[PDB]
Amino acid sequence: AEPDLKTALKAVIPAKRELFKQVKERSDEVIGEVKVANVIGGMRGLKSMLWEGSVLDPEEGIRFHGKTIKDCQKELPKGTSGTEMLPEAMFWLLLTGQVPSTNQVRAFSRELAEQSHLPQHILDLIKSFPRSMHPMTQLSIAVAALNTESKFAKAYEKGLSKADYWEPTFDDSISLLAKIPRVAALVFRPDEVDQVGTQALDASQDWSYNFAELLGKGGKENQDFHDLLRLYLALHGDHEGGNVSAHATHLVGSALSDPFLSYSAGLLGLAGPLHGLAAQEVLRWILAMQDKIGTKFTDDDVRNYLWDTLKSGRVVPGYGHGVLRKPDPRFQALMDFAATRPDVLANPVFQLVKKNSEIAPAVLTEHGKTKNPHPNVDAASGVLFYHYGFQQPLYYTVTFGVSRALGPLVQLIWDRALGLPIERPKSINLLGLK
């Protein structure tokens, strides 16, 4: 058979180490400036961390190994059904720097199906959560609770050579990826943990398909949604190093905490309103707007709701970005998915999202606080799930949490392979700056 992912990674490791050596010779090379703004403004614009799989252009948007989203949509393998790029193929790309063949991805999806099962204690833990516990809180906990299955933690404790750190990190990463949809499904379905937690996946099917099965949207009749999920999971997988979830995963990982604990920290970061919880917050905000402005509304009604939101000392969710100064191509990608489906375009909630994207940038510019008045991917993602029957926005960031495992787990594997050190910036007080 064609080489598997671990083998494909191993071929690429020596070349990366040689490049690391070459970059390291120019350690002393000056590349930028640190100003007072960078210190007080959350490190904004400070090129200070290494991320390999993706680099974000402020104007262009994200590239994955120099490939655009449309490039990935074209080149990455599809599933047995549908037209959308598989997230697992994206993972393969992110890790190796190479587009996998369809056969390689089929083999890789099978492995992911095989490793989905959970230890009973994870089921008992999830069963202990009160119904009112926030879903991202539950997801974060369960992922950290899976550190009992960590080969890296156990192997680090025994004694481990630095050169081989990546292998247990890789094993744990693949393990977590396989499991996280099922865990996510348990969060979605608290009354059915015994069944959901043990039900067999379709071994022939891809990761997204299987996630949908666990969500109770399996089968041919749900194939449109499978394509959306594949697309969605692939788009959110990675978005360079500086975003809070990626960063947190790497920061905690750098102290040699294993991937279950590290990505759990990521998930906690992703649960923040300013980060991934915005997917949730966008749709709550859109539903509230709809409730106030009604079924037939003017442009001014939307303008007023936005301005009232801002004058309340609250943000407009789904607009602005730490780096992007243009509309997010991930956002456009989800709108283009909607563009070919008349039933999605006929959904009033989608239409409200569309209408808001033609008004909110002007209002945010008039307000004059933000660097980026344009929509981000969170503006569009919730409504699509809503359309396919996922109507509880408190759960939307959970699906993000499944996706966002992809990129950061890749970087952790590389972090360990290159022997990158603990992350430890220098802090300073206000009086020291004055």
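The numbering used is simple: start at 1 and walk along the sequence shown.
- Averaged over CA atoms, B-factors in the entry run higher in 203-211 than in the other of 299-307 and 203-211.
- The mean C-alpha temperature factor is higher for 341-349 when 341-349 and 360-368 are set side by side.
- Taking the deposited Cα B-factors for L261, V99, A246, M136, the highest one is held by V99.
- Among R44, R26, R404, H374, the highest C-alpha B-factor in the deposited entry belongs to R26.
- Split the chain's modelled residues into thirds by C-alpha temperature factor. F225 is in the middle one.
- In the deposited entry, the Cα temperature factor of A184 sits in the middle third of values across the chain's modelled residues.
- In this PDB entry, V383 carries a Cα temperature factor that places it within the lowest third of its chain's modelled residues.
- When the modelled residues of the chain are ordered by their C-alpha B factor, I31 lands in the highest third.
- Placement of the Cα temperature factor of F108 within the chain: highest third of the modelled residues, per the deposited record.
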